[PDB]
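J.: Sending over a structure as structure tokens; questions will come in a sec.
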Ligand SMILES: Nc1ncnc2c1ncn2[C@@H]1O[C@H](COP(=O)(O)OP(=O)(O)OP(=O)(O)O)[C@@H](O)[C@H]1O
């Protein structure tokens, strides 16, 4: 049960040193942060600790993909420290490393109310347990060193708090190796577990899942698992052309086709019928003569087929109507993946219209949950982050949750 894990509000931090794992993997264009959304997201957890008398808050996170070797020139968290200070209003001590006697000493007895940010955990191959040398050759971490790394991290605080849901699907040292008597989820993690608990433990009904994306094969377990809990499912995006070709014998031109996935489609539909799940597929499409932002546009339906040399990049007006009718009946919605190439405005209208409908549903009480990744980015583009119930901060992690797997980082949390 994701609802029985220990969270920050139920943890006494008065006079305690708090070692907190956060998600500060922010976007950078070299010498500056373009989006500080992730940083602003951690603030509530940090302020809570400081406001509740914590002795200190030690922040650890990763940035980019260093792959096990120090790359301060490219992926140092120093810029984040400066950005965090402006947002928190308090000084932030940035340390050039995350482990060692020097670091342990700075954290052994800091000035009350201190906020410390350690350097990129991934500068050490012991965090991921694997990496690469300067030559690009694969290097596997040494067990004894992994032990020493985790023992060091464990010395930086008295209680452990995990607010990095985006990395919880990884058995990395900072996720499962900090040995402290209290391991609690932070406020962001609390939200992730509370909403996905609904999507998998006790959802409101009807429960509709909107599944988009391009590939089918890598989404087989997700669909399989969702078919065990939903009442209705919209299958859109590039994904639908595999379904439409197999079941309807539709001519799809040069639209995405998943040979692997195509062999399991009838079986998925079969399970859908056995469970009484209503499947809604697109009936019309916006086509393009090439996969490009400026391609020529056309229109097509399932009956007309798609011209040779053309591909479906978005659903048409008739599909949007059907999609909106499904949203209308639901009391709960989980949406993972865009219904078209939302990166390009000409093919983002299908996705935008659905977002509008989902926001409207939210206003009347619908529990709307948006998965991480692209779809999550959609909410940032049209500024609807505050118009839905929950926007997941973990792309790959939210996917593994929806698949029915146990997240190592969630599993390691203390139980209430
Ligand atoms: N009809 C289509 N043809 C080709 N590509 C498409 C189509 N519809 C959507 N896409 C592309 O699918 C990509 C997303 O697919 P992918 O399987 O990678 O992720 P996803 O399941 O949508 O996850 P997320 O929730 O992160 O969006 C987007 O970049 C989008 O441009």
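Residue numbering for chain A follows Swiss-Prot, covering 2-417 in order.
Quick check of the header: X-ray crystallography, 1.9 Å.
Including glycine, each Cβ sits where the backbone N, Cα and C put it.
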J.: Name the one residue among 214, 262, 317, 372 that Swiss-Prot lists for the same ADP site as 238, 343.
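T.: Candidate in the recorded ADP site: 214.
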J.: Just to be sure I read the record right: 215, 218, 219 are listed as binding Mg(2+) in Swiss-Prot. Which of 68, 74, 375 is listed for the same site?
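T.: Answer, per Swiss-Prot (Mg(2+) site with 215, 218, 219), from 68, 74, 375: 375.
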J.: Relative to the Cβ of residue 214 (ADP binding site), which residues of the same chain, six or more apart in sequence, are found under 8 Å away?
T.: 220, 238, 239, 240, 337, 338, 339, 375
J.: Work out how many Å separate residue 131 (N6-malonyllysine) and residue 216 (AMP binding site) at their Cα atoms, rounded off.
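T.: Computed Cα spacing between residue 131 (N6-malonyllysine) and residue 216 (AMP binding site) is 28 Å.
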J.: With an 8 Å cut-off on Cβ distance to the 214, 238, 343 Cβ center, who else from the chain surrounds the ADP site?
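T.: For the ADP site, the extra neighbours are 213, 215, 237, 239, 240, 338, 339, 340, 341, 342, 352, 375, 376.
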J.: Out of the recorded positions I have (65, 170, 291), which ones have their Cβ sitting under 6 Å from ligand 1?
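T.: From 65, 170, 291, counting a Cβ under 6 Å from ligand 1 as near, there are none.
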J.: Are there any residues at least 6 positions away along the chain from residue 215 (Mg(2+) binding site) with a Cβ closer than 8 Å to its Cβ? List them or say none.
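T.: 238, 239, 240, 257 - these are the non-local Cβ neighbours of residue 215 (Mg(2+) binding site), listed in sequence order.
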